[PDB]
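Trainee: Questions regarding the structure given below will be posed in turn.
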RNA sequence: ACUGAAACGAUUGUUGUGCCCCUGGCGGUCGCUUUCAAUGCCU
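Numbering (full-length UniProt numbering), first residue to last: 86 to 170.
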């Protein structure tokens, strides 16, 4: 559940590793296969955000206080409390 | 296969080109090197 959230729209690119770069149309010659050629804009969930989840288990659980999520393996602080009986 | 695996908004570019701290201006004005003195004493 999102408790507090914001979005950033940030561009991402393909690198020109060679000294010479041609902008090629996607599906053109030398570009005929589905790969991230050219550029795109990602609407990311931003640092200014907080989400709430619940884990239910039948045994005391050594939950990691850091996790990674998504397309770019991005860090989340997990702060966790066991809800007492 | 975490709505997954990899993922450069990049490449190039001179805040540039011209420009007299310039013009005018008397270190000027006033001012006695002055005041006193035996070529002297004797033949």
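A virtual CB, placed ideally from N, CA and C, is assigned to each residue, including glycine.
For residue 122, which residues in the same chain have their Cβ closer than 7 Å to its Cβ, ignoring the five residues on either side in sequence?
Mentor: These residues qualify, in order along the chain: 99, 109, 111, 116.
Trainee: In three-state terms, what does DSSP make of residue 116?
Mentor: In the structure shown, residue 116 sits in coil (DSSP, three-state: anything other than H, G, I, E or B).
Trainee: Where does residue 146 sit, in a helix, a strand or coil, going by DSSP?
Mentor: Reduced to three states, the DSSP call for residue 146 is coil.
Trainee: According to DSSP, which residues form a beta bridge with residue 97?
Mentor: Residue 97 pairs with 125.
Trainee: Measuring alpha carbon to alpha carbon, tell me which residue in 139, 150, 156 is nearest residue 97.
Mentor: Taking only the C-alpha atoms, the option nearest residue 97 is 156.
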